[PDB]
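Visitor: Supplied in structure tokens, the structure appears directly below.
Ideal geometry is used to build each Cβ from the backbone, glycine not excepted, and the neighbour counts take in all protein chains shown. Please treat every number below as a calculation from the coordinates, not as lab data.
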Amino acid sequence: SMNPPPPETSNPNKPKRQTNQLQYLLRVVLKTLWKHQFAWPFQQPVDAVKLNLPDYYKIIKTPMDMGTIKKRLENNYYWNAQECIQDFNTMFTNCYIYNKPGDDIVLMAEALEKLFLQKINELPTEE
Ligand SMILES: Cc1cc2c(-c3cncc(N)c3)cnc(N[C@@H]3CCNC[C@H]3OCC3CCS(=O)(=O)CC3)c2[nH]c1=O
């Protein structure tokens with residue numbers, strides 16, 4: 001029922017890059033999802049205490065949220081685009097794993113995921 005430590009956004013010994021694909025993931029993908037009307041439940045780690053979801057972190061063992069992704073992108077945490085794309089997919093998948101079909105939160109994740117898929121479809125080639 002307690003909250004775990006959040007996912008790390010800083011790791012000095014992890015090698016990093018700033019690639020055109022990662023720039024796209026921040027400037028286009030993250031920005032688009034972040035401003036969406038349904039972004040709010042996904043802009044920070046799930047607070048299982050405040051939301052009274054005591055089993056959340058029993059079921060979700062790889063938590064991820066856009067607040068974490070935003071920090072990772074802004075602080076150059078990633079080596080490649082695949083790592084970041086995986087984080088987005090983890091976030092959506094967690095929502096579908098934990099909740100029921102037809103739940104508001106699932107409809108919200110689906111709307112964000114649709115836009116995500118449209119933006120990743122036009123991920124630029126590596127310069
Ligand atoms: C990422 C995420 C956020 C989130 C938030 C959430 C919402 N807003 C903001 C934040 N930060 C989290 C709230 N509830 C969740 N799950 C619950 C439990 C399973 N079914 C759907 C939700 O049910 C709430 C239910 C309460 C009684 S009712 O009002 O009659 C009908 C709705 C969530 N699951 C998730 O995976």
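Visitor: Just from its helices, what would the mean residue ellipticity at 222 nm be for the chain, if runs of 4 or more DSSP H residues each count -39500 (n - 2.57) and the sum is divided by every residue, rounded to the nearest 500 deg cm²/dmol?
Guide: On the way: 6 runs with 57 residues, N = 127.
Calculated at 222 nm, the ellipticity per residue is -13000 deg cm²/dmol.
Visitor: Sort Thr68, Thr125 so that the residue with the fewest other Cβ atoms within 10 Å of its own Cβ comes first and the one with the most comes last. Mind dumping the intermediate values first?
Guide: Working: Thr68 21, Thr125 6.
Neighbour counts put them in this order, fewest first: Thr125, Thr68.
Visitor: Using a simple charge model, +1 on the beta-carbon of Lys and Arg, -1 on the beta-carbon of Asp and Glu, nothing else, what dipole does the stretch 19-123 show about its Cα centre, in debye to the nearest 20?
Guide: Values: 12 positive and 11 negative charges, 44 e Å.
My answer is approximately 220 debye.
Visitor: Only counting other Cβ atoms within 10 Å, I'd like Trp79, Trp40, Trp34 sorted with the fewest neighbours first.
Guide: Taking fewest neighbouring Cβ atoms as first place, the list is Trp40, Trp79, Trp34.
Visitor: May I ask for the equivalent-ellipsoid semi-axes of the chain, computed as the square root of five times each C-alpha gyration tensor eigenvalue and listed largest first in whole Å?
Guide: Working: eigenvalues 126, 67, 24 Å².
Taking √(5λ) for each eigenvalue gives 25, 18, 11 Å, largest first.
Visitor: May I pose another question? Check each of the trypsin sites (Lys or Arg not before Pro) in the stretch 43-121 and keep only those in coil by DSSP with at most 16 other C-beta atoms within 10 angstrom; list them in order. Could the numbers behind the result be given before it?
Guide: Details: sites: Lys50, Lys58, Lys61, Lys70, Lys71, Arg72, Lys114, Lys119; in loops: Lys50, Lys61.
Here the sparse-neighbourhood loop sites are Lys50, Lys61.
Visitor: Taking amide hydrogens as modeled 1.01 Å from N in the peptide plane, which residues meet the under 5 Å criterion relative to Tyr78, leaving out close sequence neighbours?
Guide: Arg17
Visitor: Place +1 on the Cβ of every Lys and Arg and -1 on the Cβ of every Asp and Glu in the chain, take the dipole about the Cα centre, and give the residue among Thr90, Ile105, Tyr78 whose Cα lies farthest towards its positive end.
Guide: Value computed over the given set: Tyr78.
Visitor: Report, in listed order, any pair from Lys61/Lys119; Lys16/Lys58; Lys58/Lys119; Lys50/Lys70 with a Cα-Cα distance greater than 30 Å. Don't jump to the answer; show the numbers that get you there.
Guide: Values: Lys61/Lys119 27 Å; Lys16/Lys58 32 Å; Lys58/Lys119 32 Å; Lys50/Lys70 23 Å.
Listed pairs above 30 Å: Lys16/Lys58; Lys58/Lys119.
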